[PDB]
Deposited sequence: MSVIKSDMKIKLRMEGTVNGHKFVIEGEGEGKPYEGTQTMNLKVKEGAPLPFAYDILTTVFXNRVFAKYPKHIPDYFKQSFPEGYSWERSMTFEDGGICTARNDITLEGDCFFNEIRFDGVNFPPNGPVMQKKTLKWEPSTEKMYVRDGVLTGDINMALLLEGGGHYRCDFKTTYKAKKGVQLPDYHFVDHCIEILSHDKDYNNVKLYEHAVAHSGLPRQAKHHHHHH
């Protein structure tokens, strides 16, 4: 894991019955906790739901970990790691997602599956009324020998107000690593640019681990 790394991904999913495929190519700085990616809808264009529900699915290797907190993710390579996540929205929408992350040369490959169910037809996801995710702080703790992260996430909505989602992600190293004590990862994710129907999206994330107050 070098100061500069490339990223490639493929997501296949279904949300509200709508099948899609998205591919991404980007780059990031693992030790600065930053990454940027260009994403293209390859099947199912135009997506009928809020693109924002996908974006946090598009790798905690890209998080700046201070010396005092063991870095579960960077420690996991070359073998790498996978994660699974549930996203429980406050109106009963539920998404499941996974990523199997491999490293070849200077490039992370991401094999992703995303599924979304029970979104109300007049809700902000199906009506595409989301603006952005707010920054967040993920709570990281060991459970059954692997790392779990829980996050209170919120989408800022058109015309004001927020739409809440609770994330639970289970991260699993493919080798033994030094496990961290309870800690936090601050995140900020943003769509830098997109075209009209989000067929093309440029995405960015900054993340930094810390020990709280």
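Taken in order along the deposited sequence, the stretches absent from the coordinates are 1-3, 62, 218-228.
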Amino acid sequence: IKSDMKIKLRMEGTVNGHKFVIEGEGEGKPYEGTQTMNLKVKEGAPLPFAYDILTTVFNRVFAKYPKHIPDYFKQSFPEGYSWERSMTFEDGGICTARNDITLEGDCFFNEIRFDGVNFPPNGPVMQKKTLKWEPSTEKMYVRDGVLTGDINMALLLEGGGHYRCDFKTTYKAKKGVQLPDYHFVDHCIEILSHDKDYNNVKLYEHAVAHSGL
From here on, numbers count along this sequence of modelled residues.
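The mean Cα B-factor in the deposited entry runs higher for 98-106 than for the other of 98-106 and 131-139. In this entry, 39-47 has the higher mean Cα B-factor, the comparison being between 183-191 and 39-47.
Ranked by Cα temperature factor within the chain, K168 sits in the lowest third according to the deposited record. Looking at the C-alpha B-factors along this chain, the one for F89 belongs to the lowest third. In this PDB entry, the Cα temperature factor of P120 sits in the middle third of its chain's modelled residues.
When the modelled residues of the chain are ordered by C-alpha B-factor, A154 sits in the lowest third.
Per the deposited record, the Cα B-factor of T56 falls in the lowest third when ranked against the other modelled residues of its chain.
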